[PDB]
């Protein structure tokens, strides 16, 4: 019998499989529905870390195919369609397909988690784990940093910036923003070279970091790839194993404990199908209720995104071409919208220039939002995706933050060092920026039209989280405890980005690494 079966070999599942199997007495099985990414055969599209958007132009090869979601909250006089939502389907999960940025968020984010009932998940309690996971090439020996972890983090040298990037920075300086240098150990508004994870020009996923050749040869670790868990197996209120599809064949496998690291949209769907969720919803689908847990699939967080682009004039294109650090991430900006004094640093913006598409861009998202959505089952079938409604801009403060970020962009590009380029900025969808949205100067004059545009075209940033949240032991809406144990049943944990009580002011991969490090420690202790 396996001591632990870990469902989903993504960012969190890779950490857990590594940490739990470091103890030889623990017989660990890691099960991953997608392909392996062993060192001698990382797909080229995955391996190219300088072009980390490439997986998304390779169709659906590396994702859960035809996984669609509803995005913006339903709203009169706006029609919404299902949208494809990339989620990694291969060893490494999101770390194998993502944009390679590695950032922590802010102390306030984690202190809030503890305030919301996740004891020991305050900044003091998560920082050790952010240290453990990393080797920071720039600041590794400094306080608040690690120099020995499996995941490298570094930044481009400021002095390698293109002349266009420098112009952007002079605009931000005219706004009183500093260069903060290290977004992972300095927490006020400003701009910085983004911290990212690469091994030279190669992507370095959690599978390369935690499931390396030596870990893989541990006799107590088993790795099943191209193997899909369909159901959790139960004995009374105890989870006691899994059913696994391998090609055409189904296998039943016993487990002393199952740990779900199947991703924020899929871990809660598995809970629902097991009978762990809102009792009336489960009754409705004829699923016997093991535990009436109304929070399962609720509390769905994301970061709400939009873009602004402009054709590069000659001077912008020339200036954009002088960077000495290639197509690495150059510039990030942490800013405050002013919409709610409770949420400083609630916007993340990037300003940059791409000779290839011919576009300058200012893309941004609400990094500390107010809106949450939910997911529920469509039916009881193991092959169904859940019905997902991110419900973006349900809370009007998030609309307000989008408008503010657009006004900020206006302000920055009116500064002389950006104004000299004579760019004509226009709105765009965030995910694949392109022509077709209205001029920024024009839309801002039309508040009705501006709101309609945003409700129509608001995007996410693939930061789905919170659908199986940590919460207090008496909290009817909480799903797991401080060590990931699912309330109402035994033998079952969740240990992925599902468990976040709120999304941090951060891209979610590094917070995911951290929380999986922390949960592994709790298990082991």
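Numbering follows the first chain given and starts at 1.
- According to the PDB record, 337-345 carries the higher mean C-alpha B-factor of the two stretches 337-345 and 369-377.
- The mean Cα B-factor in the deposited entry runs higher for 415-423 than for the other of 415-423 and 196-204.
- Considering 155, 273, 160, 135 together, the PDB entry gives 160 the largest C-alpha B factor.
- Across the residues 92, 277, 433, 128, the deposited record lists the maximum Cα B factor for 433.
- For residue 84, the recorded CA B-factor ranks within the middle third of the chain. Only modelled residues enter the ranking.
- Residue 57: CA B factor lies in the highest third for its chain, per the PDB record.
- Placement of the Cα temperature factor of residue 481 within the chain: lowest third of the modelled residues, per the deposited record.
- Residue 51: CA B factor in the highest third of modelled residues in this chain (values from the PDB entry).
- Sorting the modelled residues of the chain by their CA temperature factor places residue 186 in the lowest third.
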